Each structure stands twice: as C-alpha cells, then as structure tokens.
C-alpha cells in the first residue's frame with residue numbers, strides 16, 4: 001500500500017510539472033495574444049495576428 | 001534506508017527541473033530585457049518596457065524593469081479620416097482628434113496636437129466609403145511658401 | 001472514500017468567467033491599453049486599423065473594406081459554434 | 001469604460017515605473033555517499049548492500 | 001510508525017500540487033486589476049461579439 005501510494009504521488013508530481021508548463025504558456029498567451037498584438041510567428045494562430 | 005534515499009533523489013530530480021525551467025526563463029529575460037528592448041507584453045514588467053537591470057541574488061537574479069506608463073488621459077472626439085476635397089485623408093503616424101472645435105493629429109501614446117497637413121497625412125480614395133469620416137481643412141505648407 | 005478527497009479550486013467557474021469577461025471587455029473597448037496602464041477607450045474599427053498597421057497593412061485597407069472585414073470576422077465566429085457543436089476531438093487536450 | 005464610436009482617451013503625461021522580478025537560478029549542490037548513508041561504515045551492512 | 005516520515009512527506013507533496021493549481025489559475029486569469037464592463041450600446045463598427 002505504501003509502494004502504491006509513493007507511485008501515485010510520484011506520477012502526480014511529474015504530471016503537475018506538465019500542467020505548470022502548460023499554464024505558464026497559457027499565461028504568456030494571455031499577456032502576448034490577448035493583452036497585446038504579438039509579432040512572434042505562429043504564437044497566436046496561423047497568419048498575421 | 002534505500003527507499004528513503006530513492007524518495008529523496010526522485011524529489012531532487014523533479015525539483016531540479018523546476019529550477020532549470022526558472023533559470024531558462026531568467027536567461028531569456030537577460031537576453032530579451034537586459035540585452036534588448038522587448039515588445040512582448042508583460043515579459044519585462046507592466047507598462048511599455050524601456051530597459052532592465054539585473055542584480056545578483058542568493059541562488060537567483062532580480063531584474064529591475066523600467067517601464068513607461070501613460071498617466072493623465074483626456075477624452076477627445078476622433079475620426080478615422082478627414083474629408084478635404086473629395087479626398088479622404090488618413091494619419092501617417094498617430095490619430096485625428098478634436099478639442100471640441102479644432103481638429104489636430106497627435107501621436108497615439110502622448111498628446112502632442114499638430115495642425116493636420118499633407119506632411120502628417122496620406123490620401124486614399126474619397127469620402128464615399130469610409131464610415132465616420134469628418135469634413136475639415138488639410139493644410140499644405142508649399143502653397144504659402146510659394147505665395 | 002478510502003482516505004481520498006477532492007479539494008475545491010479557490011476561484012469558481014463563475015469567477016473565471018468574470019475574469020474572462022473583463023479581459024474581453026478591456027480588449028474590445030480599449031485595445032491593448034488596459035494591458036499596460038488604464039483602459040483608454042478607442043473606437044473598435046479605429047483599433048482594428050492600428051492592428052492592420054501592426055501587420056504592415058495600411059489603415060485605409062481596413063476602412064475601405066470595413067464591412068467585408070466585419071462580415072469575415074462574424075462568419076468565422078459562426079464556424080466556432082459549428083465546429084464545437086459538431087466535433088468530439090478538439091477538447092481532447094482537456095479531457096485527457 | 002467610457003466607449004463610443006467617436007471617443008478616444010489620450011494620455012497627456014507618463015510615469016516611469018521600476019518593478020522587481022525575482023527568479024531562482026540554482027539550488028545547493030548536495031551529494032550523498034549512498035553506502036555511508038545506508039550502512040554507516042558497517043562492513044557487514046556494506047557486504048549486504 | 002516504524003516507517004518514520006513517509007506519510008508526512010507524501011501529504012506535503014500532494015499539498016504542494018494542490019496549492020500550485022490555484023497559482024496556475026491565478027497567473028492565467030487574474031491578469032486585470034479591474035472588472036471591465038462592456039458598454040450597453042454594442043456599436044463595435046459591425047463586428048459582433050454576442
């Protein structure tokens with residue numbers, strides 16, 4: 001049971017780091033795509049943003 | 001003891017990846033905010049970014065980000081274009097604004113009203129198509145320079 | 001039930017919708033200005049003309065084509081309802 | 001927002017603001033001699049490990 | 001109790017994840033200090049946001 005629970009918490013930490021990386025990108029698109037006009041190619045859809 | 005040590009090393013590997021992400025972002029701000037002027041919104045503080053200064057910290061960096069913030073806004077009446085002579089005029093830089101009686105052209109981010117001239121404007125087409133266009137004079141400096 | 005629980009998020013989906021609503025209203029009334037300071041009102045076609053300058057297109061190209069540009073935008077928003085109401089695999093990134 | 005089809009707000013002044021952003025760059029380098037942690041110099045434990 | 005700290009360690013880890021979910025949402029959505037209302041007259045030049 002302890003081995004099972006250590007395994008669960010380790011998958012959750014690795015999975016939370018993927019969600020943090022995704023949320024950082026989302027927050028950056030909120031600043032650069034919604035609160036601005038980005039000139040960065042393909043950061044805010046395809047075509048000129 | 002071996003289960004305890006594996007638990008520590010796994011948590012250190014996961015924690016090291018957060019520091020590596022943070023350090024890559026710090027290196028990116030050193031490039032884009034200290035070594036350049038970024039046009040990326042919020043990347044180098046809030047306001048329009050001028051420059052950043054790095055300061056060293058224990059296991060870290062502090063960026064002191066210098067921004068311009070617009071501060072004392074006034075309302076103006078505005079138009080997309082001026083109708084002059086059948087001709088529709090557009091600003092080259094800036095925007096047309098009225099003080100309630102007189103029309104001017106200004107830069108967008110700091111009120112500096114200028115008389116609307118063929119040097120400030122460009123022409124395209126006529127008064128038929130532009131929604132919200134206003135009738136006004138557009139000055140030409142060459143005419144009185146000759147006269 | 002086996003000593004396992006789900007904790008609620010701090011913000012409710014109503015509060016996320018209120019933040020999202022403020023971000024839309026800021027952008028359509030004031031363009032990017034609320035992103036850097038106070039929200040400065042600008043007319044919406046006048047803001048789209050600043051966006052066309054930001055992509056190297058001259059602003060007369062917006063004002064001379066304004067009704068076509070509004071129709072292409074309005075039609076492309078209709079396709080978002082059509083797509084989301086028809087599909088099963090766009091929101092696969094969230095369902096995963 | 002005081003929006004209309006013909007109203008604009010234009011700033012007549014600015015502030016120069018300086019803000020601080022803090023980023024972690026590193027953590028302390030900690031090594032372990034795993035045999036000395038598990039076995040504390042017991043040769044008997046080292047032969048079992 | 002013979003296993004020492006392992007449960008406190010596992011709960012600290014799950015608590016840290018739970019606090020990060022709120023931080024993640026706050027950094028994405030709390031990007032404005034003011035709740036902006038859209039005007040009651042929707043005169044956006046023919047662009048429709050309904």
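Each helix, a run of at least 4 DSSP H residues, gives -39500 (n - 2.57); summed and divided by the residues of chain C, these come to -19000 deg cm²/dmol at 222 nm.
Among B:2, B:25, C:40, a tally of other beta-carbon atoms within 10 Å of each Cβ gives an order, fewest to most, of B:2, B:25, C:40. The overall shape of chain C is oblate: from the C-alpha gyration tensor, with semi-axes ordered a ≥ b ≥ c, the ratio a/c is 1.5 or greater and a/b is no larger than b/c.
All Cα-Cα distances of the protein assembly as shown, cut into 20 Å bins from zero to the largest, leave 20, 44, 24, 9, 2, 0 percent in each bin in turn. Have a look at B:11, B:114, B:55 and tell me which one the Gaussian network model of chain B (Cα, springs below 10 Å) gives the largest fluctuation. Top of the fluctuation ranking is B:11.
Which shape class, rounded, prolate or oblate, goes with the range B:88-147 when its Cα gyration tensor gives a ≥ b ≥ c as root eigenvalues, a/c under 1.5 marks rounded, and past that a/b bigger than b/c marks prolate? Since a/c reaches 1.5 but b/c is at least a/b, the shape of the range B:88-147 is classed as oblate. For chain E, the mean residue ellipticity at 222 nm estimated from helices alone is -17000 deg cm²/dmol, where every DSSP H run of n ≥ 4 contributes -39500 (n - 2.57) and the total is divided by all residues, rounded to the nearest 500. Residue exposure proxy: C:46, B:30, D:36, ordered by other Cβ atoms within 10 angstrom of their Cβ from fewest to most, comes out as D:36, B:30, C:46.
Separation of the range B:1-76 and the range A:1-44, taken as the distance between their Cα centroids, equals 16 angstrom.
Extending 7 Å from the Cα toward the beta-carbon at both residue C:77 and residue B:6 defines two label points whose distance is 5.7 nm. Geometric descriptor of the range B:28-147, per residue, is 160 Å³ (volume of the convex hull of the Cα atoms). Given a cut-off of 18 Å, what percent of all Cα-Cα pairs of chain D lie beyond it? Counting pairs separated by more than 18 Å, the tail of P(r) holds 72 percent. With an 8 Å Cα cut-off and a minimum separation of 6 or more residues, compute the relative contact order for the range B:55-147 in percent. Relative CO of the range B:55-147 lands at 28 percent.
Can you bin the range C:39-79 into rounded, prolate or oblate? Criterion: square roots of the alpha carbon gyration tensor eigenvalues sorted a ≥ b ≥ c, rounded for a/c under 1.5, prolate for a/b above b/c, oblate for the rest. It comes out oblate by the Cα gyration axes. Distance from the Cα centroid of the range C:42-75 to that of chain E is 33 Å (rounded to whole angstrom).
Pick from B:20, B:92, B:108: which is most flexible by mean-square fluctuation in a GNM of chain B where alpha carbon atoms under 10 Å apart are linked? Checking each option, the largest mean-square fluctuation is seen for B:20. The helix-only estimate of mean residue ellipticity at 222 nm for chain A, built from DSSP H runs of length n ≥ 4 each weighted as -39500 (n - 2.57), is -20500 deg cm²/dmol after division by the residue total.
Under a Gaussian network description of chain B, with springs only between Cα atoms under 10 Å, the residue in B:57, B:23, B:79 that fluctuates furthest is B:57. By the count of neighbouring beta-carbon atoms within 10 Å, fewest first, D:35, E:38, A:7 end up ordered A:7, D:35, E:38.
Can you give me the relative contact order of chain C as a percent, contacts being Cα pairs under 8 Å and 6 or more apart? After rounding, I find 11 percent.
Please note: Cβ atoms are built from the backbone with ideal geometry, for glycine as well, and neighbour counts cover all protein chains shown. Throughout, read-outs are computed from the coordinates displayed, never taken from laboratory work.
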